[PDB]
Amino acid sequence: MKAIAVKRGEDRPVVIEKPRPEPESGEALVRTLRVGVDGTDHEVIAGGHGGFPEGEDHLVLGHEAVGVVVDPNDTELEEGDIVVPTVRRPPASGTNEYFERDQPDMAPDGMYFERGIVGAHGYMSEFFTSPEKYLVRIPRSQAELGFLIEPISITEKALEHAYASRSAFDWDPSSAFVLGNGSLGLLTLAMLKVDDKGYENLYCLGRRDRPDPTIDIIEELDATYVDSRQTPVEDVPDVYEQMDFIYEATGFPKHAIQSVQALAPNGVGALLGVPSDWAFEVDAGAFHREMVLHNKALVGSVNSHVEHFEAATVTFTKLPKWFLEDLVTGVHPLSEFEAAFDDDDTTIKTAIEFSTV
């Protein structure tokens, strides 16, 4: 079968040929339909974040997949089920408490693999296998955009933990601010629009000049676009308002610290970005004091698990159809796969189509 991989010490993604996998007991064989590309694939291509599987000359890319079950083997899935795989798998050494208690999304560094990211091959191949417990059935009509279920689930987890931090009191937020206008930030902005907490005012931070299709999406969602070149995060409360909820999806360390100054009293910031080490001068006193005197919280979140994937299928149904059309800027057949990795300002979310139906 054909797969898209990065080979050791090489620049670009290439097609390689590999044997079709055979499922072991408890695994289904899945025929890949579409696989999404995000920053991590780019990040993994260049070098930073992730790592190749031991003893292998390459890494099959892709962690956002949808496929059709072609051989259910000895599992309780049915031939033709549309499934989305979770990303985390047990490490080489074997199972651990995080997997045994069904919360692999909470496993620390070195106690998990992430398919297509660290230690294990991804899903950009014509077929793959997985244990039934890590394959989530989704409605058949979500198959075409099913690679979006994984990123939606990332936000479903982050919101769950962020909201739990505010559960000891009566919190009624009215404003939310998403930092970043990438595919995660934009998806999140749309989710916040339909969130049960009933946000009235939405804001999204970016740094683009008009005309720009990400600005258009933000404003078409009835949110306010904030240019960070004109209004840094710290200054937002003066120009606009204090924000009850902040969701950080920029990967810019200054935002993690500065968001505390933009939070309303009793607010919470969710941090999703993954930056490199970067040292600079901060007023730690102001950070510390705001957190305490105004009962604020910061919560970090990574990955997601089955329950968040399931929740994502419901959220998906609530998202406007125009939004999904504008977010996915290209789906490319395997024959033209290189186009899926071209990044420019007009490219938002791409995917590669391996097969149909």
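Take the two forms, superpose them, and find the largest set of C-alpha atoms that agree within 1.5 Å; that set is the rigid core. Quick note: we count residues from 1 along the sequence shown, nothing fancier.
Colleague: Report the stretch with the higher root mean square CA deviation, pooled over structures and residues in 4 other deposited structures of this protein, choosing between 126-134 and 272-280 after a rigid core fit.
Modeller: Looking at 272-280 and 126-134 in 4 other deposited structures of this protein, the bigger mover is 272-280.
Colleague: With the rigid core as the fit anchor, does 327-335 or 41-49 show bigger C-alpha shifts in 4 other deposited structures of this protein?
Modeller: With the rigid core fitted, 41-49 is the stretch that strays more in 4 other deposited structures of this protein.
Colleague: Could you check the entry and say whether 172-180 or 105-113 has the higher mean CA B-factor?
Modeller: Stretch with the greater average CA B-factor: 105-113.
Colleague: Between 231-239 and 259-267, point out the one with the higher average CA B-factor as the PDB entry records it.
Modeller: The deposited B-factors put 231-239 ahead on the C-alpha mean.
Colleague: Pick out which of 54, 326, 64, 310 has the highest C-alpha B-factor in the PDB entry.
Modeller: The record points to 54.
Colleague: With respect to the C-alpha temperature factors reported in the PDB entry, which of 296, 34, 49, 318 ranks highest?
Modeller: By C-alpha B-factor in the record, 49 ranks first.
Colleague: Comparing against every modelled residue in the chain, figure out the third that the C-alpha B-factor of residue 147 lands in (lowest, middle or highest).
Modeller: As the PDB entry reports it, the C-alpha B-factor of residue 147 lands in the lowest third of its chain.
Colleague: Should residue 276 be placed in the lowest, middle or highest third of its chain by the C-alpha B factor in the entry?
Modeller: Top third by C-alpha B-factor.
Colleague: Residue 96's Cα B-factor: lowest, middle or highest third of the chain?
Modeller: Highest third of the chain for residue 96's C-alpha B-factor.
Colleague: Where does residue 332 sit by CA temperature factor within its chain: lowest, middle or highest third?
Modeller: Tercile = middle for this residue's CA B-factor.
Colleague: Which third, lowest, middle or highest, does the C-alpha temperature factor of residue 355 belong to within its own chain?
Modeller: Residue 355: CA B-factor falls in the middle third of its chain.
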